[PDB]
Amino acid sequence: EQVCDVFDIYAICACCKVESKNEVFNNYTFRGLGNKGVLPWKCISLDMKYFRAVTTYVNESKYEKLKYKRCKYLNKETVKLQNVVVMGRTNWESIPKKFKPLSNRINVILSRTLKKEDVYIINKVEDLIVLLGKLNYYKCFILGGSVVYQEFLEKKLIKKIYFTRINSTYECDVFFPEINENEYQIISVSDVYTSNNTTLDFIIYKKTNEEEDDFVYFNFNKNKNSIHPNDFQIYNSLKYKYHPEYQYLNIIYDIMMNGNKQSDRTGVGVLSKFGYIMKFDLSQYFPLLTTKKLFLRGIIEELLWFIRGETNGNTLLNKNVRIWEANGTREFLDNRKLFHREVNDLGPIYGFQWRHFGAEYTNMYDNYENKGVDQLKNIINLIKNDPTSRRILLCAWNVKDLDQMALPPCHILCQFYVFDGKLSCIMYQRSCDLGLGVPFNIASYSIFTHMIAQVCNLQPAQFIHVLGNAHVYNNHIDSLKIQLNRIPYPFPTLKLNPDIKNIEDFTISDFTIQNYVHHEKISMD
Amino acid sequence: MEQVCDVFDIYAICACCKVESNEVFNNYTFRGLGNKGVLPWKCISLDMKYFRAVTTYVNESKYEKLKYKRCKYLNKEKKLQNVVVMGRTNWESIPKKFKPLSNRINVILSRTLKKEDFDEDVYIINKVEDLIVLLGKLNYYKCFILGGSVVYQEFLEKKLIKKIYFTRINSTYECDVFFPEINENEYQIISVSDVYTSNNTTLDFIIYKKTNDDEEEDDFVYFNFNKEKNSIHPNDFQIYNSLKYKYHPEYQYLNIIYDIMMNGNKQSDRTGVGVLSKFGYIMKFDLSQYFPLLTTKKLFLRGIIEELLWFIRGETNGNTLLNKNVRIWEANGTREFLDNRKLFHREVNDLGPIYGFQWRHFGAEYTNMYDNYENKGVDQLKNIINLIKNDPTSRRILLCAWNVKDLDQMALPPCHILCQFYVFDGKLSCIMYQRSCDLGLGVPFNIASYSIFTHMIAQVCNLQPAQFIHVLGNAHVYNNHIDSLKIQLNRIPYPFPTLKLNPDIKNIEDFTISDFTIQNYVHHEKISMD
Ligand SMILES: NC(=O)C1=CN([C@@H]2O[C@H](COP(=O)(O)OP(=O)(O)OC[C@H]3O[C@@H](n4cnc5c(N)ncnc54)[C@H](OP(=O)(O)O)[C@@H]3O)[C@@H](O)[C@H]2O)C=CC1
Ligand SMILES: NC(=O)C1=CN([C@@H]2O[C@H](COP(=O)(O)OP(=O)(O)OC[C@H]3O[C@@H](n4cnc5c(N)ncnc54)[C@H](OP(=O)(O)O)[C@@H]3O)[C@@H](O)[C@H]2O)C=CC1
Ligand SMILES: CCc1nc(N)nc(N)c1Cc1ccc(-c2cccc(C(=O)O)c2)cc1
Ligand SMILES: CCc1nc(N)nc(N)c1Cc1ccc(-c2cccc(C(=O)O)c2)cc1
Ligand SMILES: O=c1ccn([C@H]2C[C@H](O)[C@@H](COP(=O)(O)O)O2)c(=O)[nH]1
Ligand SMILES: O=c1ccn([C@H]2C[C@H](O)[C@@H](COP(=O)(O)O)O2)c(=O)[nH]1
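As you go down the protein sequences, you meet chains F and A in turn. According to the UniProt record's numbering, the stretch in the first sequence is residues 3 to 23, 29 to 86, 97 to 134, 139 to 230, 285 to 297, 303 to 605, in order. According to the UniProt record's numbering, the stretch in the second sequence is residues 2 to 22, 29 to 84, 96 to 230, 283 to 298, 304 to 605, in order.
Here is the structure:
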């Protein structure tokens with residue numbers, strides 16, 4: 003039996019990224040504890056709420072078990098419930114005097130120079150175990166600061182680390198100890214949030230080493305595809321996985337465990353399932369996958385191209401955007417029976433349908449001004465003017481034009497929904513390459529949602545991704561296995577040049593991704 | 002004090018069907040126990056498998072507390099097995115190869131027979147109280163009363179049953195003995211299961227209840295640090316919220332009514348009624364195990380079938396359905412409605428290029444509801460039927476009603492935007508995306524509509540229907556529907572019915588109304604949403 007287990011000693015810290023000088032990222036990217044005696048940031052209220060809630064929660068119906076445990080360990084039969102909060106000397110000097118001692122906690126100050134003549142002064146870290154051994158308390162929290170964190174980690178006196186990850190960069194003079202991946206492992210991860218203009222997320226480090288019957292009866296009638309889940313050891317060792325990235329990752333997991341084995345065109349073979357939904361809060365984060373690197377320049381130039389209504393593949397290629405290069409080749413168009421189609425003339429695809437649905441497509445150079453239905457203009461007008469309409473849809477799936485398209489759209493339709501100055505978007509995708517396409521598709525429609533929201537004097541809220549035929553290609557399985565056993569970072573944010581007030585005026589400079597913390601790039605094959 | 006059935010954990014388990022007699032259905036509908044000494048049905052596997060799993064399942068860990076419980080009650084200090103108790107007739111209805119029931123302590127209630135007339139490892143008792151005695155003298159996990167009708171009768175009468183695990187068999191058979199009429203004041207339902215199909219009958223399993283790492287639970291509390304309505308008091312959902320396990324597929328529907336009521340957004344709309352709305356749901360239905368015709372209100376299927384048939388023919392003529400006395404599209408076709416749609420040159424009940432037209436003639440210039448459109452536009456339905464037969468792994472099997480160019484010419488723009496099909500292992504599944512969803516009125520029918528259509532497509536392509544998947548876009552509840560939905564959300568579903576299609580129909584155009592049969596629909600009372 004261990005001191006940190008008997009006496010229930012945990013740390014709790016909030017670390018931010020630190021100023022420096029291709030950047031590399033690890034857990035130790037978040038290590039900024041303070042600057043000039045004070046916190047590195049000016050105020051992040053959501054972490055304070057977390058901290059204040061965590062260090063004051065107790066469950067009295069569980070103390071009799073802890074009290075009993077602590078007594079037997081010390082060879083005793085004896086010792097309103099409160100936690101204990103242990104702080105360093107400077108850390109105690111840090112707090113204003115109106116917030117000292119901390120409300121409803123047993124304040125304990127570690128110091129060699131104090132003792133005014139209740140708040141307890143302990144001269145050595147060993148006096149804590151002695152002081153806890155004669156106290157009535159639920160759990161004991163090490164509030165730091167920098168030195169106190171170091172010694173308590175050294176002496177293995179830490180059971181769990183409650184680690185706020187503040188996803189922004191500050192000037193600091195003090196830093197958290199480099200957590201030792203042997204000593205501790207991340208067991209849980211929280212939702213991502215935005216507070217005071219920064220994203221943050223909350224993780225837990227763990228020290229390493285009747286209706287019950289009724290439920291069983293209902294399961295009476297309840303791996304499959306040569307996947308050994310011990311390859312997902314880290315993925316299956318997390319108790320709580322609240323991070324929104326797990327929506328994507330769990331879908332990868334489910335297809336791999338349960339997918340139906342199917343041939344397809346390329347001859348690779350997929351595992352597929354049918355019908356999924358993901359939701360992302362665009363007002364808290366920008367869902368750019370952090371468990372591998374993703375680039376957005378080509379994604380944005382594809383969307384700007386869409387907005388112009390161009391079908392000319394050469395515009396993308398002269399910008400070195402090659403998303404569509406393979407769909408415009410002589411061979412690809414000839415395989416689509418498009419023998420009278422100029423190379424890279426992709427025909428009536430997304431941009432055309434969004435701005436001229438119904439118009440007779442002739443070639444990518446033709447002048448289509450005012451031919452067809454300006455779907456994009458229509459939905460923007462409806463958002464500004466008839467916001468509760470249920471008819472605000474952007475449809476790319478023109479049944480008459482499919483065969484003339486270099487290929488039919490994967491992204492069938494966007495539906496929009498407006499409430500309380502908030503705009504939500506649904507995109508229905510008929511075919512989803514979970515390994516290669518879906519990460520990009522999530523970012524495209526999120527950016528597009530922000531773009532639509534800003535030109536309609538609204539705030540972005542939810543991006544909803546509906547997957548139809550959803551498939552992992554077999555040659556991706558090994559790469560996704562590596563990716564399932566990485567743990568997400570807090571998401572980045574997207575910034576739009578505020579001065580763009582109409583959907584056609586966005587340019588590549590008007591887009592800025594802030595604080596993108598990611599794992600290493602993974603070539604999916 | 003304490004009650005006997007809790008210390009000694011006495012349960013009843015039974016299986017009941019419908020018996021021979029605009030009918031009324033209550034719980035007493037399912038009451039048929041046996042006929043001519045035997046069970047009324049031939050062999051319903053999944054119920055026996057369920058029966059076996061419940062009566063043989065023990066959990067060793069819980070027995071320490073169990074022995075304490077019965078010790079303190081009596082004022083006292096081979097694997098664990100359950101007790102099963104049967105009446106004499108019940109015991110003689112069992113094939114000898116299966117007697118006594120494996121891994122179980124068999125207790126037989128009898129007056130005319132003695133331990134001498136039995137070869138088998140079995141206890142005989144002549145009166146009920148002696149089971150209580152015997153229970154005190156044995157080591158067992160739980161005690162299950164198997165029947166028959168007399169054994170069920172007197173155990174229910176003497177308040178000796180703590181939980182009734184009750185199989186509702188949703189077919190009719192000839193019977194001569196019956197489970198007692200359960201007393202609602204004495205017992206109430208607490209858990210409904212999934213619906214299953216087994217040996218050509220749908221069934222589920224329901225439970226009655228008698229009426230009157284340890285610090286990582288803290289990690290759960292910490293992560294719920296940043297959480298916390305409309306004018307809905309949850310005491311109006313006493314039955315709904317009291318239910319322990321709600322695994323009946325219909326709770327996928329009912330749970331969305333609840334989510335939109337408790338959480339939705341108050342918005343206006345065209346009608347002036349205003350609604351509560353949410354954005355983006357998905358329901359899945361296993362058409363291989365049941366046909367999801369809602370059971371918490373009565374629904375009719377004749378109109379909607381006629382509609383789907385009208386669709387497949389390509390029709391846009393509102394008179395065709397009105398002469399079948401089907402009024403689904405009548406209001407969207409009045410002179411007044413069409414005028415307010417600024418379709419001044421459209422004849423009354425000519426609905427324009429709507430679903431039927433877009434499915435057979437997408438892109439064709441619409442003229443009037445009487446034109447011959449043959450081989451004009453793109454015949455979507457045929458194209459998907461040939462995709463399913465010949466290119467079953469295509470990810471392009473899509474049916475689309477949302478023809479952006481024709482929207483203004485439609486009486487209404489379509490609510491059901493698209494159907495996507497998926498084929499694996501000879502099983503057809505269907506996604507339909509609905510942009511606007513009226514949970515009180517439309518959605519119950521729209522689930523029925525596209526379930527049937529999946530069946531029809533699956534059949535004409537020689538596949539078995541599997542999964543119908545409903546993606547809801549703008550999902551709303553009208554305020555003038557809330558009070559009826561409150562009643563409905565506190566009704567407990569019945570096992571789903573089934574759909575039979577005539578097997579001789581090999582192409583999608585040949586179906587007629589009489590090729591569709593909906594069987595064993597058990598349902599609550601009709602509900603006017605207004
Ligand atoms: N972001 C976060 O989660 C946290 C941020 N902070 C920030 O971190 C900084 C404070 O940490 P820091 O500045 O490193 O000062 P500390 O809070 O670490 O306290 C350091 C002092 O603790 C005493 N001490 C250390 N070890 C012992 C020991 N073994 N026995 C007795 N006394 C001991 C010494 O004072 P003596 O002279 O008495 O020996 C030492 O000077 C501030 O900038 C603050 O804002 C504070 C807490 C956590
Ligand atoms: N579908 C289902 O869930 C079930 C179906 N069944 C069906 O039910 C029918 C049998 O039930 P049933 O017909 O009611 O016959 P029972 O199983 O009720 O047997 C009745 C007999 O049990 C004995 N008995 C009953 N109560 C007592 C008592 N208090 N003290 C002593 N002996 C007692 C007597 O045997 P004696 O003549 O020796 O006095 C009596 O004649 C069959 O058709 C069977 O298949 C059976 C169980 C459940
Ligand atoms: C919030 C930064 C932080 N976050 C986490 N996770 N671990 C930490 N060690 C800290 C540092 C910290 C600084 C001040 C207080 C404080 C001050 C006044 C009053 C109170 C109070 O709770 O009343 C608290 C607390 C913590
Ligand atoms: C099956 C109808 C039924 N269903 C439920 N839910 N409760 C019940 N009381 C019964 C009645 C019953 C009839 C026969 C056996 C039996 C026969 C042979 C072997 C076995 C065995 O388990 O080996 C069981 C059991 C029960
Ligand atoms: O933006 C895109 C474009 C394509 N795909 C993938 C999904 C399928 O693997 C393939 C779509 O073509 P079909 O197999 O459905 O014809 O490309 C995506 O995931 N996202
Ligand atoms: O099959 C149908 C047809 C109509 N509606 C309802 C949903 C809306 O309340 C109304 C159409 O809404 P609009 O988007 O047209 O306003 O009809 C359905 O739920 N199902």
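Built from N, CA and C at the ideal position, the CB exists for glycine as well.
Legend entry - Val-552(A), enclosing beta strand (DSSP E) - first and last residue: For this step, residue 552(A) is matched to residue 477 along the second sequence. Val-552(A) -> beta strand (DSSP E) spans 539–553.
Legend entry - Straight-line gap, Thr-587(A) to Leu-514(A) (C-alpha atoms, nearest Å): In the second sequence, residue 587(A) corresponds to position 512, counting from 1. In the second sequence, residue 514(A) corresponds to position 439, counting from 1. Cα to Cα, the separation comes out at about 29 Å.
Inset, instruction - Kindly say whether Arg-402(A), judged by its beta-carbon, lies nearer than 8 Å to any beta-carbon of chain F. - result: Here residue 402(A) refers to the residue found at position 327 when the second sequence is read from its first residue. At least 8 Å separates the CB of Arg-402(A) from every CB of chain F.
Legend entry - Candidates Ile-224(F), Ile-335(F), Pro-324(F) and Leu-564(F): closest to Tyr-315(F) by CA position: Locating residue 315(F) in the first sequence gives position 235, where the first residue counts as 1. Of the listed residues, the one whose Cα sits closest to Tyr-315(F) is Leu-564(F).
Inset, instruction - Using 10 angstroms around the beta-carbon of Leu-131(F), count the other beta-carbons present and answer buried if the total reaches 16, otherwise exposed. - result: Counting from 1 along the first sequence, the entry for residue 131(F) is found at position 114. The residue is exposed, with fewer than 16 neighbouring Cβ atoms inside 10 Å.
Inset, instruction - Indicate whether at least one CB of chain A lies closer than 8 Å to the CB of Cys-161(F). - result: By one-based count along the first sequence, residue 161(F) stands at place 140. Output row for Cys-161(F): interface = no.
Inset, instruction - Name the two residues that bound the continuous beta strand (DSSP E) containing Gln-509(F). - result: Locating residue 509(F) in the first sequence gives position 429, where the first residue counts as 1. Residue range 502–513 is occupied by the beta strand (DSSP E) that includes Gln-509(F).
Inset, instruction - Measuring alpha carbon to alpha carbon, tell me which of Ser-68(F), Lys-321(F), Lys-359(F) and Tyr-448(F) ends up nearest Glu-285(A). - result: For the purposes of this step, residue 285(A) is taken as the residue at position 215 of the second sequence. Across the set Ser-68(F), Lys-321(F), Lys-359(F) and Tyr-448(F), the C-alpha of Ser-68(F) shows the shortest separation from the C-alpha of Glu-285(A).
Inset, instruction - Compute the minimum distance between the beta carbon of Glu-172(F) and the heavy atoms of ligand 1, and state whether it is under 7 Å. - result: Here residue 172(F) refers to the residue found at position 151 when the first sequence is read from its first residue. Between ligand 1 and the CB of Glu-172(F), the shortest heavy atom gap is smaller than 7 Å.
Inset, instruction - With a 10 Å radius around its C-beta and 16 neighbouring C-beta atoms as the bar for buried, classify residue 300(A) as buried or exposed. - result: Missing here is residue 300(A); chain A as given proceeds from 298 to 304 without the residues in between.
Inset, instruction - Name, in chain order, the residues that DSSP records as bridge partners for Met-104(A). - result: On the second sequence, residue 104(A) is found 86 positions in, with the first residue counted as 1. Looking at the DSSP output, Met-104(A) bridges to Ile-126(A).
Legend entry - Min CB distance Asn-66(F) to chain A below 8 Å: Taking the first sequence and counting its residues from 1, the one referred to as residue 66(F) is at position 59. So, interface residue.
Legend entry - Segments assigned beta strand (DSSP E), at least 3 residues, entirely inside the region 516–541 of chain F: Counting whole runs of 3 or more residues, the region 516–541 of chain F contains no beta strand (DSSP E) stretch at all.
Legend entry - Residue-level contact to chain F via CB, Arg-471(A), 8 Å cutoff: If you number the second sequence from 1, residue 471(A) lands on position 396. Using a CB distance cut-off of 8 Å, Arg-471(A) counts as an interface residue toward chain F.
Legend entry - Residue-chain proximity (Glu-202(F), chain A), Cβ-Cβ < 8 Å: Your numbering for residue 202(F) matches position 181 in the first sequence. No, no contact with chain A.
Inset, instruction - Could you name each continuous beta strand (DSSP E) segment of 3 residues or more that falls completely within the region 317–361 of chain F, going from the start of the chain to the end? - result: Whole beta strand (DSSP E) segments, 3+ residues: 340–342 and 350–361.
Legend entry - Length of the line joining the Cα atoms of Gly-39(A) and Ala-16(A): In the second sequence, counting from the first residue as 1, residue 39(A) sits at position 32. In the second sequence, counting from the first residue as 1, residue 16(A) sits at position 15. Going by the C-alpha atoms only, they are around 8 Å apart.
Inset, instruction - Measure the alpha-carbon distance for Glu-440(A) versus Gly-452(A) and round it to whole angstroms. - result: Working through the second sequence from its first residue, we reach residue 440(A) at position 365. Working through the second sequence from its first residue, we reach residue 452(A) at position 377. Per the coordinates, the alpha-carbon of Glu-440(A) lies some 8 Å from the alpha-carbon of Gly-452(A).
Inset, instruction - Kindly indicate the opening and closing residues of the beta strand (DSSP E) around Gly-44(A). - result: Residue 44(A) sits at position 37 when you count from the first residue of the second sequence. Counting along the chain, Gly-44(A) sits inside no beta strand (DSSP E), nor does DSSP assign it H or E at all.
Inset, instruction - Could you give the DSSP three-state label for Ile-403(F): helix, strand or coil? - result: Counting from 1 along the first sequence, the entry for residue 403(F) is found at position 323. Here DSSP, grouped into helix, strand and coil, assigns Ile-403(F) to coil.
Inset, instruction - Put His-491(A) into one of helix, strand or coil per three-state DSSP. - result: Numbered from its first residue, the second sequence carries residue 491(A) at position 416. The answer is strand: DSSP assigns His-491(A) an E or B state.
Legend entry - Limits of the alpha helix (DSSP H) - the one that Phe-58(A) falls within: The residue labelled residue 58(A) in the question sits at position 51 within the second sequence. Note, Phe-58(A): alpha helix (DSSP H), 52–63.
Legend entry - Three-way DSSP call (helix, strand, coil) for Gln-563(A) in this model: Translated into positions along the second sequence, residue 563(A) becomes position 488. Helix, per DSSP.
Inset, instruction - Return the CA-CA distance between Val-546(F) and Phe-375(A), expressed in angstroms with no decimal places. - result: Locating residue 546(F) in the first sequence gives position 466, counting from the first residue. Locating residue 375(A) in the second sequence gives position 300, counting from the first residue. Taking C-alpha positions only, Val-546(F) is separated from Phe-375(A) by approximately 31 Å.
Legend entry - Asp-344(A): contacting residues in chain F (beta-carbon distance under 9 Å): On the second sequence, residue 344(A) is found 269 positions in, with the first residue counted as 1. Those are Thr-468, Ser-469 and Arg-470, listed as they occur along chain F.
Inset, instruction - Quick one: which unbroken alpha helix (DSSP H) runs of 4-plus residues sit fully inside the region 148–216 of chain A? Chain order, please. - result: As far as the region 148–216 of chain A is concerned, its whole alpha helix (DSSP H) runs of at least 4 residues are 167–175.
Inset, instruction - Starting from the C-beta of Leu-482(A), find all residues in its chain whose C-beta is less than 8 Å away, skip the five residues before and the five after it, and write them out in chain order. - result: The residue labelled residue 482(A) in the question sits at position 407 within the second sequence. Excluding sequence neighbours, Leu-482(A) sits near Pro-488.
Legend entry - Residue from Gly-517(F), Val-61(F), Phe-528(F) and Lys-575(F) whose Cα sits closest to the Cα of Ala-550(F): In the first sequence, counting from the first residue as 1, residue 550(F) sits at position 470. Of the listed residues, the one whose Cα sits closest to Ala-550(F) is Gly-517(F).
Legend entry - Residue-chain proximity (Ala-13(A), chain F), Cβ-Cβ < 8 Å: Indexing the second sequence from 1 puts residue 13(A) at position 12. Taking 8 Å as the CB threshold, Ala-13(A) stays off the interface with chain F.
Inset, instruction - Would you identify the three-state DSSP class for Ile-460(A), choosing helix, strand or coil? - result: The residue labelled residue 460(A) in the question sits at position 385 within the second sequence. Correct three-state label for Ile-460(A): helix.
Legend entry - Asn-392(A) in three-state terms, based on DSSP: Locating residue 392(A) in the second sequence gives position 317, counting from the first residue. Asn-392(A) falls in the strand class under three-state DSSP.
Inset, instruction - Could you tell me if the beta carbon of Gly-105(F) falls within a distance shorter than 7 Å of some heavy atom in ligand 3? - result: Indexing the first sequence from 1 puts residue 105(F) at position 88. With a threshold of 7 Å, the Cβ atom of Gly-105(F) does not count as near ligand 3, since no heavy atom of the ligand is closer than that.
Inset, instruction - Taking only beta-carbon positions, decide if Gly-438(F) is within less than 8 Å of chain A. - result: Stepping through the first sequence from its first residue, residue 438(F) is reached at position 358. Contacts with chain A at 8 Å (Cβ-Cβ) include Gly-438(F).
Inset, instruction - Determine, using beta carbons only, whether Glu-71(A) comes closer than 8 Å to chain F. - result: As a working mapping, residue 71(A) is identified with position 64 in the second sequence. No, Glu-71(A) does not count as interfacial toward chain F.
Inset, instruction - Could you give the DSSP three-state label for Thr-220(F): helix, strand or coil? - result: For the purposes of this step, residue 220(F) is taken as residue 199 along the first sequence, with counting starting at 1. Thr-220(F): strand per DSSP, three-state reduction.
Legend entry - Pairwise C-alpha distance: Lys-155(A) and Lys-145(A): For the purposes of this step, residue 145(A) is identified with residue 127 of the second sequence, where counting begins at 1. For the purposes of this step, residue 155(A) is identified with residue 137 of the second sequence, where counting begins at 1. Roughly 16 Å between the two C-alpha positions.
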